[PDB]
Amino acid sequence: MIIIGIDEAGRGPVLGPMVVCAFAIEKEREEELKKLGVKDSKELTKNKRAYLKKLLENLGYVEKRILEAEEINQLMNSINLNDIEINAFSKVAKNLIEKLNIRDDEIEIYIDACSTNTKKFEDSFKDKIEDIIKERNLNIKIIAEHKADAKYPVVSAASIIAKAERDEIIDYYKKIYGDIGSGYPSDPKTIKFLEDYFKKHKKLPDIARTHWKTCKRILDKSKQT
């Protein structure tokens, strides 16, 4: 059977994209994945993650979904972040199952619940893919839990790939905006970037997520007085 891990990267920053990745492989090639050393701590450097991605992509089937801040802002005009995650996680799952044309077999999906309601996340996920599962006569096993990229290899692979992809996009933003920092408000470089940018253009830059506190607060303040 096929074993699939799904995770995401970039959920926390006030800027940049979110990347959702599903990583699938034959359960029989599982020892091969472990040997690749994905069983590493989440303390990897950007360079090491980039290296690992190359090996991982050669080993399994990789489905990716990149949501730039502009799409995230648009979607959030109607649905919240948790819905976006549920939708994106289910979409890469269904897309990977359809592209590999998996059917009439067992299948296992491991997902990393990055939000506060693990059970809600898993139940929503299964509700989204139930149609395709039954339609394809698949006998699925779904497992959702926090910090899953720390315990299930395929989820670890999905995580590393999603973060490496995000790193690539962010690296090029620097050529457009300069040193934008880590993307978190704990970094003066990121605060300086957004504040200085807004002061000059009277609008947030295209990569800013309008619904994150840091950015909303900047907008709320511009409207005072």
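Quick note: we count residues from 1 along the sequence shown, nothing fancier.
For the two regions 84 to 92 and 109 to 117, the entry's Cα B-factors average higher over 109 to 117. For the pair 153 to 161 and 175 to 183, the mean Cα B-factor is higher in 175 to 183. When the C-alpha B-factors of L100, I132, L75, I142 are ranked from the entry, the top spot goes to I132. Among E68, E28, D167, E63, the highest C-alpha B-factor in the deposited entry belongs to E28.
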